[PDB]
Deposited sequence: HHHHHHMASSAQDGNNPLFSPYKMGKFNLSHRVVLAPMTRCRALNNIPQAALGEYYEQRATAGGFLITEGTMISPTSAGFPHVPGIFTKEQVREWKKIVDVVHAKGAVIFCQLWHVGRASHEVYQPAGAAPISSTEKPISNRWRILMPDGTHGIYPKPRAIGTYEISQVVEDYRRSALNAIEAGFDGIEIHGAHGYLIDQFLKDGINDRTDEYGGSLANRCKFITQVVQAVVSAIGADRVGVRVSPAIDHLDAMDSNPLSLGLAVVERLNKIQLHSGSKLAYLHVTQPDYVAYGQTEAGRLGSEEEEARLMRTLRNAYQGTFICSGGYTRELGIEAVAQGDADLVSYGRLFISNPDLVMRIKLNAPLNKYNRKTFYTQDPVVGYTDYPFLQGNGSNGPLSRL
């Protein structure tokens, strides 16, 4: 079984290739990690398994969802440590994903009622909505096109957050540069309409993610930094003329950062919008570990690793309804269906840790 052939990811010896994709669950009440999170990850932690946490705020402006966790305050760090310990107790590797939603926010999630920051002033279209604290759907407001100096301050938030993540005990961090959020708002030419050093040409559009990746590498080391991107996705009006070209531009800058740093990154993570060729082109271009995600199943994951299309495969949806997805895949057991209705609720058990095992 290819998915169970050991894999060496930096200084981490993984026992299998089943990775936990980052998934927002809104159980971190008031943005503070809760005991529920400890059980949730513990139930699904496995010896030599790699897990990626839900997106975590890097500033009081990095939120666009309700009750999402953070790593910018000493309180949050204290609670994450308790969670990290339970995950390590079971022998799993866990990376903390730093998440800034950019323009994908709302006044209710912006301290002082200020508009969410982004690369452009164009708001996400009406066909997309945001989850409000009371469960209703809200309209995305007009964002503010940040100045060159604030980009440096956002980058600083990633750096400080990565350091905070290490203080909490995480084995590393993952940069959330996909699904139309802040970093993706700079990468996609359908959004980035800047006329300065960060807009226009692909090289300019990729500058932001480059500075962010460089900042975290200089804080905790490239071996403990993963990068997630999505060259072709329509989420929150994040489109690009040539998705492949954009993906290859990011990959090219990641390979260069590794050469200049003298160490490879932890991995490259690309989510699919499920041609096949888009994924294979980046994997062949990236000099390092490649993780694939999006619409993968037990059979589809095995084929990707056996054919050399990816080194690790992360599962999202199937790891919500299947706490023991790793074991199930090993035995080819039936997989449980998920109830989307409880994806973003606040119940510490119902739809979170109540899913039956084998």
property: Unmodelled intervals of the deposited chain, in order; result: 1 to 15, 290 to 306, 391 to 402
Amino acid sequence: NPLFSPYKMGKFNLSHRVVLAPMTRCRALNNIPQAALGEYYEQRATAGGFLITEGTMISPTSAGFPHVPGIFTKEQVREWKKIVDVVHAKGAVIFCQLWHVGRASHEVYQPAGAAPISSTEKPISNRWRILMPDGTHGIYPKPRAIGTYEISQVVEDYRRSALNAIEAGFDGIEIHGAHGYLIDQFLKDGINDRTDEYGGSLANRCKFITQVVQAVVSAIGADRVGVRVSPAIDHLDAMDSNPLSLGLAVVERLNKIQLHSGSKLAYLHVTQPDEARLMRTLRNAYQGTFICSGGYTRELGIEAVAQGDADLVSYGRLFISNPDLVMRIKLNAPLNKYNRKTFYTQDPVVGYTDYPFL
From here on, numbers count along this sequence of modelled residues.
property	result
Greater mean Cα temperature factor according to the PDB record, 46 to 54 or 304 to 312	304 to 312
Mean C-alpha temperature factor, higher of 93 to 101 and 110 to 118	110 to 118
Criterion, highest CA B-factor; candidates, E197, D237, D223, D157	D223
Residue, from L163, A145, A178, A266, that the PDB entry assigns the highest Cα B-factor	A266
Third of the chain's Cα B-factor distribution that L335 belongs to, per the entry	lowest
Chain-wide C-alpha B factor ranking for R328, given as lowest, middle or highest third	middle
Within-chain third of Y286 by Cα B-factor, per the entry	highest
Record-listed C-alpha B factor of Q346: chain third	middle
Lowest, middle or highest third - CA B-factor, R253	middle
